[PDB]
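K.L.:
no letters, just coordinates:
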């Protein structure tokens, strides 16, 4: 769906804005690299806990993440 | 965490605002009643797909859900 695609999109966008590789985000989020690579392809099975760990490893607040997600939904869906 | 607690909080708040029982939301979200009851206690393992199904079964847009979540984080965390 559009929402699944844009959750993965926003995670990859912030990660690249911070200059982080998938390996850097894996180490910082406590989730292994094939998990990060999988979630960025398809967020269907990403859990709210894993998403909190990723926001922490990105050093982005939950509020900012969700605001960037709402902007992408409003401007593109 | 605060975020896990407020995801469950916002789901239960909207469900009660719509006058729905847990059984009504289960039927409408395609998720069984013990899953709904579990997520409202602790959203740790709720997935983004299950959360999209719940927003659909609540007939709430993703944008509104996330806006209510940001308000609860900003005003209470």
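P.N.:
Structure's in. What do you need? Numbers count the residues shown, from 1 in each chain, chains lettered A, B, ... in the order given.

K.L.:
any idea how far residue A:13 is from chain B?
P.N.:
Using CB to the nearest CB, to the nearest Å, residue A:13 is found at 16 Å from chain B. Just so you know, the C-beta spots here come from the backbone N, C-alpha and C atoms, and that holds for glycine as well.

K.L.:
ok, now which ones touch residue A:8?
P.N.:
Counting by CB atoms under 8 Å, 6 or more residues apart in numbering or on different chains, residue A:8 touches A:39, A:40, A:41, A:42, A:43.

K.L.:
helices along chain A, start to end?
P.N.:
Using DSSP state H, the helices of chain A run over residues A:2-17, A:22-29, A:33-41, A:48-58, A:62-76.

K.L.:
packed most tightly, which of those would that be?
P.N.:
Stretch with highest mean neighbour count among these: helix A:48-58 (a mean of 20; mean count of other CB atoms under 10 Å in any protein chain shown).

K.L.:
quick one: work out the angle between it and helix B:2-17.
P.N.:
Using axes from the mean of the first three to the mean of the last three CA atoms, to 10 degrees, the direction of helix A:48-58 lies 140 degrees away from that of helix B:2-17.

K.L.:
helix A:48-58 close to chain B?
P.N.:
Yes - Helix A:48-58 lies within reach of chain B by CB under 8 Å from any CB of the partner chain, at A:48, A:49, A:51, A:52.
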